[PDB]
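We place every Cβ from the backbone using ideal geometry, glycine too, and count neighbours over all the protein chains shown. Only the coordinates and a few stated rules stand behind these numbers; no lab work does.
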Ligand SMILES: Nc1ncnc2c1ncn2[C@@H]1O[C@H](COP(=O)(O)OP(=O)(O)OP(=O)(O)O)[C@@H](O)[C@H]1O
Ligand SMILES: Nc1ncnc2c1ncn2[C@@H]1O[C@H](COP(=O)(O)OP(=O)(O)O)[C@@H](O)[C@H]1O
Ligand SMILES: [Mg+2]
Ligand SMILES: [Mg+2]
């Protein structure tokens, strides 16, 4: 038997008894029916769109997503606590448009672009609808333009380039935000754009992050949106799309940009809660199955595109450049159970992933990337010639180390080539740690790993090899500053390069005797 | 020879006690999982 | 205007209202027969809405009349609430007369703005080796005791209150949430033995209370503290605020209790879907701002002793100071039983903690990590069939564990041994000396249930 | 006549109609306002029908006019399709201008009858030593390409299509089934470099199109290939056409998502309850007949690396061969990265491949598993204390693993990118000679990055 509808109020019934005309004033405005938990049911306004913005008698705004036979379910955007039934609402004939433009470098605002810094109203001249489709494959370009993270393994074992898709996943307090902002640190000289999305956290976290950015001065080319935990799940559900819109603004101007997320998992949980309130069918883990589609359709916005699309967007105003934009989603592990539904879905999407291990960070490693499993399907095609060349030796060294590690519990029974592999691999395991807020130049890790391949670490105690490296760096800084200038300038590799490097390596040993 | 036999006997004992541990673990984990999908099913059927 | 009862299920009520008069979502609704009161939660519409009751659900029939106050739950506030014992309604239970002040404040409020947070950068020495070593504190931070049922969540709090209370001077508040009455009364009398009894205020919402009462219990005390922080001293600001949470898990549990009756759906386990947002709302009104400093301690019961439960997981996203207990450590008889590893602190900064502190701590955790790893093989194989350095590290770590074992000033109740307060300097020097191996010739018993390193020397030479 | 929107829920569309005339399932439904289109799912009585939208949801209000077609979707097929990339609607999306032919056919059709099936089984081969040795196929087969985490499988499929194109006009088309875009873009680029478009057409499921679109691109390509093979040319003869799927698992997941919103309970595990029916419909629609051969390759990624969920089992219920890879062996400087121990072909029989080929494969696998069982003693004791017994086996296994190297004609460029495709006769002769130990006196590097025994011997003369 059918049950009650959210349309059976005797007021409405008596109205129908009176008349059967004047349909909701031609559906120009509805009337409040059911109110609970930021979700409101309304009678009328059948003209409105799914995804059409709605005004309210409280002068507020909201988004209905359910067009029933006779009722409509809507969500609040701000605080719904000031509402009561009997009120009305109107369709705006529009969908969310958020201000767009490079007027926010060093500016943080709300999910609706509202000044939270308290530094006056944000100047704005351009807005874009938050929901946008991804461009056409006809408009893409192969990705080979490098990206730097300043990390030993990462910038070597996991190539990152402009426009890719890469996940970092781990448990709490592992360096999730440490790496992301570190990349933001890494852009200080790269001279590109980057934006951060807050996702359902405590404001204090945001404030500290911002303060560290200003300490670095990184919040001078930077914009961040805030979605605190106490915020309505609507904003906490929408904001990332707004951030992607921000980035696409610049990508459509053909500049390099980055967007960074903070555990879209929280966002997914919020969305599941919301969609549940829609009385929509709950699937596995109560999520509606569409969640994969919802995420994916958001994530594919990132890409590197053809210059053709660039000029067609500019109407041919600019053509010498090509649009690209990269991103890093973030997912938390639950006891590292990779088989978990949501992250599993995520993996099916990205160009690669990065794993961290707690038993590494507690071991003093930060970040303690699990190199055993983390990969970059893109490959070194976006890595410089020199680093890509040096990569393979380290790659196979670590491969050997992890391979023979099964019997590493006792090095007393093996042959001696095994001991040599053991020592070399453990030394390569060394030189991998890295302090936070330290933007390692490509020259830095390059010479470090080269000396590693040259046995120049195979002759010094592993306990001190960190100091070895730091010295090596500073030594070179004093002497070979033009050399590293050239190194971080070019990214290529030559033989005079190697000779001077090796000569420089000899000099440090001769000059200082590590 | 004697001490090797003793040590290997001890290894056997350790393996046996762990074996008991693993049967109990498997039983509880299987129960919990089964109950879990049952919960999912009963939640789903309530929809339509 | 007034309403009438139309259905009764469990502890949730629904009422009919005149089309003219539909009270806002949060209002007090007086039972026109009894003292029982109601809060609105859902606008069920068509002149009918849903509510819960505070107090007994009995003596209640359908059609009975209820008024509205046209005012949400706004409770008495001010220093005239100190040294008193209130209900969930903020009304005296100590029978020390009605409260004096007339100021009221609604229990509900939005969170403070981003432009108002504060940099809690003030440390604290407590006297417990594991805590002051591993978890440096920020005066104004959130301190949660992750622990199971019977791990010592209450004890760890009582001793801290002792130490914290005696080391502090100023405001403080306590709010019993869904706990054993006996322990609460005992604490009250103990406080009465002290004199900051005056300095503090009591309110108990206990497990016996109906879940409707059990839900909006924290709101009272948290609002109290928020006021007192915003209550500025003349020619000054608010004072240092001592806050103490007692199993917010109870509040979560009540939210679970009510959700199904609320017409709500069942989370992935059965919780209310809204649990995350309500927890965040709760937490966000808890912060030291530009105005005043608020120091909060959280009792964190852990259901079935599981971390992967949704609620603890969400909880970590809220706690700068994380302290976790274990059952196996208590199974070893070590009191306290805090795990070194997972309990962490964002105050653990070399630019903050001092270099030696940082590095000593890191080395300690490293040693423990290897020991835990090798536990498997040493269970399988003979301890003797191992590398000598391995065995050395094993003994080192075991003596470390023992050196953590400390008597507490209130713990002598179940033991008799006098509790200790160990200055951090002694801790650091002793742990460094152990890590130096200055004591590898020393029996491990010499470190059990002790305080400082000199106590270890005395015990060993005694032994 | 025409219908009007009555309910919109996510991807679920509901439209009223006159009971005099109601469109039947799978027929096309033209939105009268936009070019978005719909198909029929469930006839809900009284002119009511539940439907799904082929294109974006935006722009659609209830009571909006929509026209019917009284016919399913007929998309164009023919020689004009080559080098054309078009939507699921068969409309050019590659900016290659309008299509040329009008030969369009309804997507949905029946299952092939038992009698009309091809009654034999002819060997399908690649020319690649590792594959044909370990996973030979039958003309009309279906092979799963598992995982992919060390190098691009796309390189391998491009190698295969090189084999096919340089081999015959037996056509072949890949369909983007949940493809991440960069694959398709770059792929296309090397395709037009090879200029193979004159043998392929293209469609993308882009994870962004409505789930129905990404669900029915499979049927789209299926029908296209069905005709093209069944298009008998100049001989009353059809070609041998191969199709490629980005991931059937994407199709499965899409259907799983869509099933629930139809008011249908999910599978026991939560998948679509109708996975088997539609899946097998696809499979039997993938079959060689007396009119040419239908074969397909399907790049499958096992979810969570568990083979116990229904989807991989269903694949096995159709997987003619299973090809798995390893990142480690790819890192071993090995082009194929093929699992020689856990990748199998059902057609691996001393009859279908001949007894000698079968037994040579047996011998190779025995040498390899003997080596792996040796690895423990190799690591523990070393290489010396083990006598020369099985040491020749170790040499054979290593030189076989290196012998596995085929320089790919597209291989990331290390050996000039040549196509080896050495005849199986030479391959088996060389492999059996190696198993015998004839060249057990020749370093494994002689077998590395080389094909035939001529290549191995010339390399040995070089090194
Ligand atoms: N390279 C590093 N060296 C030392 N400490 C580091 C390094 N990288 C990150 N950290 C520390 O890790 C600590 C915790 O990680 P962080 O707060 O930066 O982000 P997270 O991994 O997302 O964890 P959460 O948000 O749950 O607190 C930080 O206080 C930071 O100082
Ligand atoms: N500091 C301590 N040292 C040793 N034993 C203790 C200590 N504290 C408590 N115990 C014992 O452990 C029991 C549990 O302590 P309690 O804090 O009350 O647990 P719960 O988390 O359930 O509230 C106490 O009743 C006491 O008997
Ligand atoms: Mg973080
Ligand atoms: Mg307790």
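Values as computed for the structure displayed
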{"quantity": "Ranking of A:308, D:388 by count of other Cβ atoms within 10 Å, fewest first", "calculated": "D:388, A:308"}
{"quantity": "Rounded to 10°, Cα long-axis angle of helix C:181-193 versus longest principal axis of chain C", "calculated": "70"}
{"quantity": "Cα gyration tensor, chain A - rounded (a/c under 1.5), prolate or oblate", "calculated": "prolate"}
{"quantity": "Listed peptides C:144-154, A:77-87, B:31-41 by packing density, highest first (mean Cβ within 10 Å)", "calculated": "C:144-154, A:77-87, B:31-41"}
{"quantity": "Residue exposure sequence - C:332, A:412 - by fewest surrounding Cβ within 10 Å", "calculated": "A:412, C:332"}
{"quantity": "Cα shape, the protein assembly as shown, gyration tensor, a/c 1.5 rule", "calculated": "oblate"}
{"quantity": "Convex hull volume of chain D per residue (C-alpha atoms, cubic angstrom)", "calculated": "164"}
{"quantity": "Approximate spin-label separation residue B:17-residue A:485, in nm, with each point projected 7 Å along Cα-to-Cβ", "calculated": "6.8"}
{"quantity": "Residues in segment D:422-448 reached by a label modelled at residue D:389 [backbone nitrogen below 20 Å; 7 Å Cα→Cβ]", "calculated": "D:436-437"}
{"quantity": "Segment A:98-390: relative contact order in percent, alpha carbon pairs under 8 Å with at least 6 residues between", "calculated": "28"}
{"quantity": "Rounded, prolate or oblate (a/c below 1.5 giving rounded, otherwise prolate when a/b exceeds b/c) for segment A:407-450 by Cα gyration tensor", "calculated": "oblate"}
{"quantity": "Averaged over A:286-298, number of beta-carbon atoms from partner chains that fall within 10 Å", "calculated": "5"}
{"quantity": "Other protein chain Cβ atoms within 10 Å, averaged over every residue that makes up C:273-283", "calculated": "6"}
{"quantity": "Pairwise label distance in nanometres, residue C:461 with residue A:461, each label 7 Å out on the Cα-Cβ vector", "calculated": "3.3"}
{"quantity": "Folded to 0 to 90 degrees: helix C:153-167 orientation relative to chain C principal axis, Cα", "calculated": "80"}
{"quantity": "Residue D:195 versus residue A:178: modelled label distance in nm, points set 7 Å from Cα along the beta carbon direction", "calculated": "5.6"}
{"quantity": "Theoretical FRET efficiency, 1/(1+(r/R0)^6), r = Cβ-Cβ of residue D:230 and residue C:186, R0 60 Å, to 0.05", "calculated": "0.10"}
{"quantity": "On Cα atoms only, tilt of D:355-381 relative to the major axis of chain D in degrees", "calculated": "70"}
{"quantity": "Nm distances between copies for residue C:350, ranked from closest, using label points 7 Å along Cα→Cβ", "calculated": "6.8"}
{"quantity": "Shielding of C:336-345 by partner chains, average beta-carbon count, 10 Å", "calculated": "1"}
{"quantity": "Residues D:241, A:109, sorted so that the one with the fewest Cβ neighbours within 10 Å comes first", "calculated": "A:109, D:241"}
{"quantity": "Pseudo-label separations to other copies for residue D:416 - Cα-to-Cβ vector, 7 Å, nm", "calculated": "9.3"}
{"quantity": "Whole-Å distance, taken between Cα centres, linking segment C:334-378 and segment D:145-202", "calculated": "53"}
{"quantity": "Gap separating the Cα centres of segment A:1-35 and segment A:445-514, nearest whole Å", "calculated": "79"}
{"quantity": "Shortest-first distances to equivalent copies, position residue D:457, nm, label 7 Å out along Cβ", "calculated": "8.4"}
{"quantity": "Alpha-carbon centroids, segment D:4-40 and segment C:215-272: separation in whole Å", "calculated": "50"}
{"quantity": "Mean Cβ count within 10 Å, highest first, over the residues of peptides D:314-320, D:42-48", "calculated": "D:314-320, D:42-48"}
